[PDB]
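**Q**
There are 2 protein chains.
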Amino acid sequence: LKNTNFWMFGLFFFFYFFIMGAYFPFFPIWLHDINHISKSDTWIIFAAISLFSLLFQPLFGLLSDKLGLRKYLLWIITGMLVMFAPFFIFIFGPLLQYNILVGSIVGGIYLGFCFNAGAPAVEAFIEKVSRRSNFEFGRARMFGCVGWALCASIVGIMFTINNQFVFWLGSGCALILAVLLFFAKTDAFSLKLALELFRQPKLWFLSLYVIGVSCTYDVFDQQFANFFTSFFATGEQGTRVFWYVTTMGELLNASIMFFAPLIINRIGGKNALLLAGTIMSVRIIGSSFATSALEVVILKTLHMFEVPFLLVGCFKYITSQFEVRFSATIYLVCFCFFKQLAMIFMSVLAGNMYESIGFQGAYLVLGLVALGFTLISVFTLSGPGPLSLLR
Amino acid sequence: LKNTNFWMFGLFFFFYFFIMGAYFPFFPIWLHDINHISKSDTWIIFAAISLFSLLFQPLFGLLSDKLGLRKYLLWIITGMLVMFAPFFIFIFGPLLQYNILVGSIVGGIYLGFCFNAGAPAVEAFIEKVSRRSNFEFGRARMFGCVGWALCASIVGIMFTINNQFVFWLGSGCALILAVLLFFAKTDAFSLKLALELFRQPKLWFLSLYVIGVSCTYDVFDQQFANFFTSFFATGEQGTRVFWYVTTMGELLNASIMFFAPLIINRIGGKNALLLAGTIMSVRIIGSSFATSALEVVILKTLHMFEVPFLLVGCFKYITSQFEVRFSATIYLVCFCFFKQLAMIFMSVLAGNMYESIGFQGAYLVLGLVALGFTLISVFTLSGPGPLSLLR
Ligand SMILES: OC[C@H]1O[C@@H](S[C@@H]2O[C@H](CO)[C@H](O)[C@H](O)[C@H]2O)[C@H](O)[C@@H](O)[C@H]1O
Ligand SMILES: OC[C@H]1O[C@@H](S[C@@H]2O[C@H](CO)[C@H](O)[C@H](O)[C@H]2O)[C@H](O)[C@@H](O)[C@H]1O
Numbered sequence: 003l004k005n006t007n008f009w010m011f012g013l014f015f016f017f018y019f020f021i022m023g024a025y026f027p028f029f030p031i032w033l034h035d036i037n038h039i040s041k042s043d044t045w046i047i048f049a050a051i052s053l054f055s056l057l058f059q060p061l062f063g064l065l066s067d068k069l070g071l072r073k074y075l076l077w078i079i080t081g082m083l084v085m086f087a088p089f090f091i092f093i094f095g096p097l098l099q100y101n102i103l104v105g106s107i108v109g110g111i112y113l114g115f116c117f118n119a120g121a122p123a124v125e126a127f128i129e130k131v132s133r134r135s136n137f138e139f140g141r142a143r144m145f146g147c148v149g150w151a152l153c154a155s156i157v158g159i160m161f162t163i164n165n166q167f168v169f170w171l172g173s174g175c176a177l178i179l180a181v182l183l184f185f186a187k188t189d190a191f192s193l194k195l196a197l198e199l200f201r202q203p204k205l206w207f208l209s210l211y212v213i214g215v216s217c218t219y220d221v222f223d224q225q226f227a228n229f230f231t232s233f234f235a236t237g238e239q240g241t242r243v244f245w246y247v248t249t250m251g252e253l254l255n256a257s258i259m260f261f262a263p264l265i266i267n268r269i270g271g272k273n274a275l276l277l278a279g280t281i282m283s284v285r286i287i288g289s290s291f292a293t294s295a296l297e298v299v300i301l302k303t304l305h306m307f308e309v310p311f312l313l314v315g316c317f318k319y320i321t322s323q324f325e326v327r328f329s330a331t332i333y334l335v336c337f338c339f340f341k342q343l344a345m346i347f348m349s350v351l352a353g354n355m356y357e358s359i360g361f362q363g364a365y366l367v368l369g370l371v372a373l374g375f376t377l378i379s380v381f382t383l384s385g386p387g388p389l390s391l392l393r
Numbered sequence: 003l004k005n006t007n008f009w010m011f012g013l014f015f016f017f018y019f020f021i022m023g024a025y026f027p028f029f030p031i032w033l034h035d036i037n038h039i040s041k042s043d044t045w046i047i048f049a050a051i052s053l054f055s056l057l058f059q060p061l062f063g064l065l066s067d068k069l070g071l072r073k074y075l076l077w078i079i080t081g082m083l084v085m086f087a088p089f090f091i092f093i094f095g096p097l098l099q100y101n102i103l104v105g106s107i108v109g110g111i112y113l114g115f116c117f118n119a120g121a122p123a124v125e126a127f128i129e130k131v132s133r134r135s136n137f138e139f140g141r142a143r144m145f146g147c148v149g150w151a152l153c154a155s156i157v158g159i160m161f162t163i164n165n166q167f168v169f170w171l172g173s174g175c176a177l178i179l180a181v182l183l184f185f186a187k188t189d190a191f192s193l194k195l196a197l198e199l200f201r202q203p204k205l206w207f208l209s210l211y212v213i214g215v216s217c218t219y220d221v222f223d224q225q226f227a228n229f230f231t232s233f234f235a236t237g238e239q240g241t242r243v244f245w246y247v248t249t250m251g252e253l254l255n256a257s258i259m260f261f262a263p264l265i266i267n268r269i270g271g272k273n274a275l276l277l278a279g280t281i282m283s284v285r286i287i288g289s290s291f292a293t294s295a296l297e298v299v300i301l302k303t304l305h306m307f308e309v310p311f312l313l314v315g316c317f318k319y320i321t322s323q324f325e326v327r328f329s330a331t332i333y334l335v336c337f338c339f340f341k342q343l344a345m346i347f348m349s350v351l352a353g354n355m356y357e358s359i360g361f362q363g364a365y366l367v368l369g370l371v372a373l374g375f376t377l378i379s380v381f382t383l384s385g386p387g388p389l390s391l392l393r
């Protein structure tokens, strides 16, 4: 598309998710393998990342709307992202081993800021441009997936050689990413209107949909990779093919997000979320009837259909219900602060189901919670209906 | 020259001094004008950087030699330089004003680690390559002067537009540093053996050569720019002229160090330090008898004549006389550390001299101490003398 901002931010995503692609997928490996962390102390790291994300995420909602279309906040995010290289290497890496992990655990608030709490803020910002310009959020964020793809592809291949090469590659993306932010050309509320949203029922109705459907789905994605390798005689060959799927599968997200933002506009965007929660729910429940390798793989791919219909359709439902001047705040509260607060308790009772009643015996329960609240939310979520599509 | 490592480390200097030159000479301007900081609480920053530099430079001397050609410590340096842009922009800048200086002066210890106690670590390291690869240390180091010039030229130009741009551009060079480092192929003792150095008479002689001439010369450049601007019809316009000298003077300084090692090698280096000290000495006295503005411009440039004969001669003297197995240590212990330790002591009475008598009235006492020790060092520093030059 001729619009310049499209081609600017389209690349901003590509890089920001590239630099996150060397962080999120391979973290448990980077722990248990590279830095040698006991799986009984690995949870300690995540205990902080999902804690400092409870203060940063609500707080960014405020700045995202009090600043509006001002780049000011992104400068600090993209700034810290430059420290990405020496973080993992010289700081974060030996700080877990050398002194108390705690010194690194609360020293690992950085990556909460930049990624866990940064990424949602980045998308929340970029949606605002999409309404000021012509293009849709979907084809913009499309690149973020293929950006995310490339990193995971360049890790595994440079892993046997010099795995560190990727981290420096990341901090270089931060600069080229900050370059874009400069060439980007663009162009309020009071806190009393925050408390009013807690009064609004239709705020709670969405938090239900997230807690029930998305928080339950995120705890599910945790030990799915280990579960995946269990359908192979050799635990290695599963770990391999697991990597092969995640790579190609993002080219699908780019393929799905191609026409995704056009499909939602007819369907409404409430019914987009229903459709997401459904795909989530089918995938998870299908893990309970899957016995073979050929079966379990298809399921990992169901995630690639689901994501486009969630995050695109999310903002559609947001802006098509609440004022656009609050579109950023509630996205970093409902789909984050609350999703995080619930994932605390659901990642716990998950572990107490796996080791208790087993994998599939738990994936059934969670699968029912997914579906349960997916279907609850056909009556709960304010907007059109699935029945309105049928008409 | 077909020498591989020469061009690598030659450029390596170019970029590392591009990133220093864009901070060190502009530092006080970056304080008083940009951050709007007073003139009395300037000497809380420089009275902390120096403190931590005193306790790093020793620590750096030993671990520079325990590594030898192992690139380890030089990696930590280049790694932490990647955090350069986030530092001055979003950390060192805003944080200092936010909380008590003390709380944010400790933030300025990083600034010691990478430049004050970092640059000399980069010199010692490459000096050790100067013999394993066939090239002279001086002809590589001249790249630092042109690099130092290029940034500083970019500094003043960009200050009118966006003074931030130089910092970001710096953290870009920290990456290409890592690159050049990877294409460098380069392949013991104990601290008990280091202690013995201090009981060597030969060590005291060079140690005194520093405290006397070198320390007295590095304090001379403190408020010299204040003394320089008075020789103009305008201070503001006389600042622009100082910018031409500081830049072009380095272009000359390269050319001087182009031929330096070729000369220093046959003279011995012992007589090059007496020479360097005489170049310094001639420059100090000139300020006390500065009856014109054209004079003080040449004196500014007389510094550029001195630089090579020192840096080239420090190693060419250390390596010649002292054993190579302590080359980096004694360079960081005798020159950097002791000078710094001694400079903190000379900077006090200096202020109690300017306000006791004046600028031109104080410089005479320094020049006596300067040349005094320059001539004393003729009968202490073991080696040849200016006496052998005539033969
Ligand atoms: O911190 C989690 C964030 O996850 C992303 S979604 C993420 O997108 C990549 C490619 O960009 C892949 O599809 C992953 O499978 C998918 O999880 C959200 O956009 C953020 O809001 C956070 O939820
Ligand atoms: O922190 C001060 C450091 O200064 C350099 S010397 C520096 O070199 C540049 C070009 O590389 C210019 O000539 C400047 O005039 C000159 O001061 C030292 O080599 C380091 O050890 C530090 O002392």
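Chains F and H supply the protein sequences, listed in that same order.
Here the numbering used here = 1-based position in the first sequence + 2.
Here the numbering used here = 1-based position in the second sequence + 2.
Yeah, the Cβ is synthetic: ideal placement off N, Cα and C, and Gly gets one too.
According to DSSP, simplified to helix, strand and coil, what is H/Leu193?
**A** Indexing the second sequence from 1 puts residue 193 of chain H at position 191. Helix.
**Q** Let me know the secondary structure DSSP gives F/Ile111 once reduced to three states.
**A** Taking the first residue of the first sequence as 1, we reach residue 111 of chain F at position 109. DSSP places F/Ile111 in coil when its eight states are reduced to three.
**Q** According to the Cβ coordinates, are H/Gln99 and H/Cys338 closer than 8 Å?
**A** Here residue 99 of chain H refers to the residue found at position 97 when the second sequence is read from its first residue. Here residue 338 of chain H refers to the residue found at position 336 when the second sequence is read from its first residue. It is not a contact, given that the beta carbons lie outside the stated cut-off.
**Q** Can you name the residues of chain H whose CB is closer than 9 Å to the CB of F/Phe92?
**A** Within the first sequence, residue 92 of chain F is the residue found at index 90, counting from 1. The answer, in chain order, is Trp77, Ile78, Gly81 and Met82.
**Q** Counting only Cβ pairs nearer than 7 Å, list the residues of chain H close to F/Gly174.
**A** Counting from 1 along the first sequence, the entry for residue 174 of chain F is found at position 172. Here the neighbours are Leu177.
**Q** Considering just the uninterrupted stretch of the alpha helix (DSSP H) at F/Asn7, what are its terminal residues?
**A** Along the first sequence, one-based indexing puts residue 7 of chain F at 5. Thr6 to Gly23 is the extent of the alpha helix (DSSP H) around F/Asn7.
**Q** Taking the alpha-carbon positions, what's the H/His34 to H/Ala180 distance?
**A** Walking along the second sequence from the start, residue 34 of chain H turns up at place 32. Walking along the second sequence from the start, residue 180 of chain H turns up at place 178. One C-alpha to the other measures close to 33 Å.
**Q** Using a Cβ-Cβ cut-off of less than 7 Å, list which residues of the stretch 177 to 206 of chain H approach chain F; keep chain order.
**A** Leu177 and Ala180
**Q** What are the start and end residues of each continuous alpha helix (DSSP H) run of 4 or more residues lying completely inside the stretch 194 to 250 of chain F, in chain order?
**A** 194 to 201, 203 to 211, 217 to 222 and 226 to 231
**Q** Give, in chain order, every unbroken run of the alpha helix (DSSP H) that is at least 4 residues long and sits entirely within the stretch 99 to 174 of chain H.
**A** 103 to 107, 121 to 134 and 139 to 163
**Q** By the three-class DSSP mapping on this structure, what secondary structure does H/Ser289 have?
**A** Within the second sequence, the letter at position 287 stands for residue 289 of chain H. Correct three-state label for H/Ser289: helix.
**Q** Do you know how far the Cα of F/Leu171 is from the Cα of F/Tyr25?
**A** One-based indexing of the first sequence puts residue 25 of chain F at position 23. One-based indexing of the first sequence puts residue 171 of chain F at position 169. A direct Cα-to-Cα measurement between F/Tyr25 and F/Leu171 gives close to 12 Å.
**Q** Does DSSP put H/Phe324 in a helix, in a strand, or in coil?
**A** Taking the second sequence and counting its residues from 1, the one referred to as residue 324 of chain H is at position 322. If DSSP states are grouped into helix, strand and coil, H/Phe324 belongs with coil.
**Q** Within 10 Å of its beta-carbon, does H/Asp43 have 16 or more other beta-carbons around it, so buried, or fewer, so exposed?
**A** The residue given as residue 43 of chain H occupies position 41 in the second sequence. Exposed: under 16 other Cβ atoms inside 10 Å.
**Q** Using a Cβ-Cβ cut-off of 8 Å (strictly less than) and excluding sequence neighbours within five positions of H/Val298, which residues of its own chain qualify?
**A** Residue numbering aside, residue 298 of chain H sits at position 296 when the second sequence is read from its first letter. Excluding sequence neighbours, H/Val298 sits near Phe229, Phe230, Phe233, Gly288, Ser289 and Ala292.
**Q** Using Cβ-Cβ distances below 9 Å, what residues of the stretch 4 to 38 of chain H are close to chain F?
**A** none
**Q** Taking 6 Å as the limit between beta carbons, can you name the residues of its chain near F/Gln362, skipping five residues before and five after?
**A** Taking the first residue of the first sequence as position 1, residue 362 of chain F is located at position 360. For F/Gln362, where only same-chain residues beyond five positions count, the Cβ hits under 6 Å are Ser290.
**Q** On the three-state DSSP scale, how would you describe H/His38?
**A** Residue 38 of chain H sits at position 36 when you count from the first residue of the second sequence. Of the three classes helix, strand and coil, the one that applies to H/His38 here is coil, per DSSP.
**Q** Count Cβ pairs between the stretch 371 to 380 of chain H and the stretch 241 to 249 of chain H that sit closer than 8 Å; are there 3 or more?
**A** no
**Q** Compute the Euclidean distance between the alpha carbons of H/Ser216 and H/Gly63, then round it to the nearest angstrom.
**A** Indexing the second sequence from 1 puts residue 216 of chain H at position 214. Indexing the second sequence from 1 puts residue 63 of chain H at position 61. About 19 Å.
**Q** Could you confirm whether any beta carbon from chain F is found closer than 8 Å to the beta carbon of H/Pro60?
**A** As a first step, residue 60 of chain H is located in the second sequence; it is residue number 58 there, counting from the start. No, no contact with chain F.
**Q** Among F/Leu392, F/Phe226 and F/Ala262, whose alpha-carbon lies nearest the alpha-carbon of F/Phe137?
**A** As a working mapping, residue 137 of chain F is identified with position 135 in the first sequence. Nearest C-alpha to F/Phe137: F/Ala262.
**Q** Can at least three beta-carbon pairs, one atom from the stretch 5 to 22 of chain F and one from the stretch 132 to 149 of chain F, be found at a separation below 8 Å?
**A** yes
**Q** Compare the C-beta of H/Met160 with all C-beta atoms of chain F and state if any pair is closer than 8 Å.
**A** Reading the second sequence from its first residue, position 158 is the one you call residue 160 of chain H. No, H/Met160 does not count as interfacial toward chain F.
**Q** Distance, Cα to Cα, residue 416 of chain H vs H/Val350?
**A** With chain H running from 3 to 393 in the structure shown, residue 416 of chain H is simply not present.
**Q** I want to check one thing, is the minimum distance from the CB of H/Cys116 to the heavy atoms of ligand 2 below 7 Å?
**A** Taking the second sequence and counting its residues from 1, the one referred to as residue 116 of chain H is at position 114. No - ligand 2 has no heavy atom lying nearer than 7 Å to the Cβ of H/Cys116.
**Q** Can H/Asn228 be considered in contact with ligand 1, in the sense that its beta carbon sits closer than 7 Å to one or more heavy atoms?
**A** As a first step, residue 228 of chain H is located in the second sequence; it is residue number 226 there, counting from the start. Not so, every heavy atom of ligand 1 lies at least 7 Å from the Cβ.
**Q** Count the CB pairs spanning the stretch 46 to 58 of chain H and the stretch 108 to 117 of chain H that are closer than 8 Å, and state whether there are at least three.
**A** yes
**Q** Could you tell me the distance, in whole angstroms, from the CA atom of F/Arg201 to the CA atom of F/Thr331?
**A** Walking along the first sequence from the start, residue 201 of chain F turns up at place 199. Walking along the first sequence from the start, residue 331 of chain F turns up at place 329. Rounded to the nearest whole angstrom, the CA to CA distance from F/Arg201 to F/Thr331 is 16 Å.
**Q** Would you say F/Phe19 touches ligand 1, meaning its beta carbon is less than 7 Å from a heavy atom?
**A** If you number the first sequence from 1, residue 19 of chain F lands on position 17. For ligand 1, at least one heavy atom lies less than 7 Å from the Cβ of F/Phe19.
**Q** From the beta carbon of H/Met306, is the nearest beta carbon of chain F less than 8 Å away?
**A** For the purposes of this step, residue 306 of chain H is identified with residue 304 of the second sequence, where counting begins at 1. No, H/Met306 does not count as interfacial toward chain F.
**Q** Nearest-angstrom Cα distance between H/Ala190 and H/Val157?
**A** Taking the first residue of the second sequence as position 1, residue 190 of chain H is located at position 188. Taking the first residue of the second sequence as position 1, residue 157 of chain H is located at position 155. Whole-angstrom Cα-Cα distance: 43 Å.
**Q** Assuming F/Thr44 is part of the alpha helix (DSSP H), what are its boundary residues?
**A** As a working mapping, residue 44 of chain F is identified with position 42 in the first sequence. From DSSP, the alpha helix (DSSP H) with F/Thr44 extends over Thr44 to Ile51.
**Q** Expressed to the nearest angstrom, what Euclidean distance is found between the alpha-carbon atoms of F/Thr80 and F/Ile107?
**A** The residue given as residue 80 of chain F occupies position 78 in the first sequence. The residue given as residue 107 of chain F occupies position 105 in the first sequence. If you take the alpha carbons of F/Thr80 and F/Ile107, they lie about 22 Å apart.
**Q** Can you list, in chain order, the residues of the stretch 109 to 134 of chain H whose Cβ is nearer than 9 Å to any Cβ on chain F?
**A** none
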